Structure formats: structure tokens, C-alpha cells
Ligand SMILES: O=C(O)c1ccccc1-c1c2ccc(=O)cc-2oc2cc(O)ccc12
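Below you'll find only one chain, the form deposited without the named molecule, shown as C-alpha cells.
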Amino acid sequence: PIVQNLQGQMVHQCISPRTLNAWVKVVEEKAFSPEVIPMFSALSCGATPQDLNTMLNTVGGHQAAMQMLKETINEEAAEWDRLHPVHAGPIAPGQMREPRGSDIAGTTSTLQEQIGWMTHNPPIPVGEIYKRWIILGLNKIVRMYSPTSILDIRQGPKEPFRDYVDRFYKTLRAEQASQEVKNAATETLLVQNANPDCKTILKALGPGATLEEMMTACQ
């Protein structure tokens, strides 16, 4: 990653063993549960494209997902190249060349180049641009791997309402519902998919009930 030293410089630092192991272990333990993605983002704080590639290449399983992710990266790289074409001439001696999409993805750029871009005044933030592409790809993977439609999350007859709500919102998160839909669902599908005893209570409450008020009402 790129860090600041005591002279007030952003400098390169090697990726740590603790970071490397943390990422490998959360993929092994959680696969593509939605919470793996904010974990990835946080573990890759300050990452260069080289570091992001390291993290993704250290994953042993899930090679269908990794191939899909490469396809998404290649799509975003091709859109970058449409928006930001580069000169096809020799580099000005000593000077900084403009990144192509494959330079952002770290496949055609060196670490030294990446450091040069990221520590330019002002930064050409290749690590943050690449991370955005990766996260777009990982969100597609999370949705693909989501096992259950929200339509199929219904409260059991003896299931605590809290347990059902947990299953409902875990499914909405994996299915990639917007925050707008999550906030709105409280007055609609959440009640519909409730068991008859709870449904009666929630129907009786009237409109505008907070989730807290619905959860208190059904115990």
C-alpha cells in the first residue's frame, strides 16, 4: 500500500502478512456473503493495483467467480480506454505516461509506475479506480451466489419474528436491494411474509411503524 512517512511523504509499504492472511481466511470462512466486500475494501486500504492483484490471486478456490471478476475488470478497462485514450508515441524522457485500463488493473504497469501515479500532485488514483472495478465485480458475484429469493423468506409458525426479520434482511442484502427498498419493505413484503399471528398484530398497528415498533409488537 501507499502510506505517509515522517517527512510527510506517501511512501510504498509492503502488504503485511496479517493483511494477506486476513483476506484469505475471510474468503475461506464466508465465501461471497455480502459482508466479505466491505472487508475486502478495508483490508485493501491504500492498495496499489499490484496489491489488489495479490489479494485476488491469493484466493485458491472460487475460480468461477474469479474468472467472472476478470471479465468485469476487462469491461471496465475497455470503458476507461474509450473515455481516456492515451498517446501511441514514445514516452517523454523522465516523464509520467498516462495509464490505460490494463495499467490501472496492474497487468501492464510496474509498481514504480503505479507509485508515480498515486503520489503525483495531484494523485492519479489508480488503486482507487481499480478497486471500484473490483467491487463492481464482487457485487455481481454476491448477487449470483445469493441462494434464495426474498419471495421465499416467510416466517415459520413457531419462528420468533426477530429470527424471520434477520433472514429477510440477510436475503435482501445478498439480492442487492437498494436502501430505499430495505427502508420501504417494512410496510409491505415483511408483513406479507409474516406468519398469521404476527401478520394480524402488524396489520393492527397502522401505517408508519418503525421496524423497532414492529419487532416489539411481535415480541
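In case it trips you up, residue 1 is the first one in the sequence shown, and so on. Note that the rigid core is defined as the largest set of C-alphas that superpose within 1.5 Å between two forms.
Modelled in this chain, residue 62 is likewise built in all the other compared entries whose models extend past it on both sides, so a third of them omitting it does not occur. In the other compared entries of this protein that model both flanking residues, residue 182 lacks coordinates in at least a third of them.
Averaged over CA atoms, B-factors in the entry run higher in 184-192 than in the other of 46-54 and 184-192. Stretch comparison (199-207 versus 15-23) by mean CA B-factor in the PDB entry places 199-207 on top.
Set against one another, the Cα B-factors of 178, 63, 41, 171 in the record reach their highest point at 178. Across the residues 88, 134, 142, 115, the deposited record lists the maximum Cα B factor for 88. Among all modelled residues in its chain, residue 160 ranks in the middle third by Cα B-factor. When all modelled residues of the chain are sorted by CA temperature factor, residue 127 is found within the lowest third. When the CA B factors of the chain's modelled residues are split into thirds, the value for residue 99 lands in the middle one. In the deposited entry, the Cα temperature factor of residue 105 sits in the bottom third of values across the chain's modelled residues. Sorting the modelled residues of the chain by their CA temperature factor places residue 83 in the highest third.
From this point on, the text means the form deposited with the named molecule bound, which you will not see here.
This chain is displayed alone, yet in the deposited bound form one of 143, 84, 87, 120 has a heavy atom within 4.5 Å of the named molecule; that residue is 84. Using a 4.5 Å cutoff between non-hydrogen atoms, residue 116 does not count as a contact of the named molecule in the deposited bound form. The named molecule is not drawn, but in the deposited bound form it has no heavy atom within 4.5 Å of residue 97. For the three marked residues, 80, 125 and 132, a heavy atom of each sits within 4.5 Å of the named molecule in the deposited bound form. Comparing the two forms between this form and the one not shown on the rigid core, the single residue of 28, 152, 166, 187 with a CA shift of 2 Å or greater is 187.
A movement of the C-alpha atom of residue 91 reaching 2 angstroms or beyond is seen between this form and the one not shown when the two forms are aligned on their rigid core. After superposition on the rigid core, displacement of the C-alpha of residue 177 between this form and the one not shown amounts to 2 Å or more. Relative to the shown form, the CA atoms of residue 177 and residue 138 are brought 3 Å or more closer together in the deposited bound form. Relative to this form, the distance between the C-alpha atoms of residue 163 and residue 185 is increased by at least 3 angstroms in the deposited bound form.
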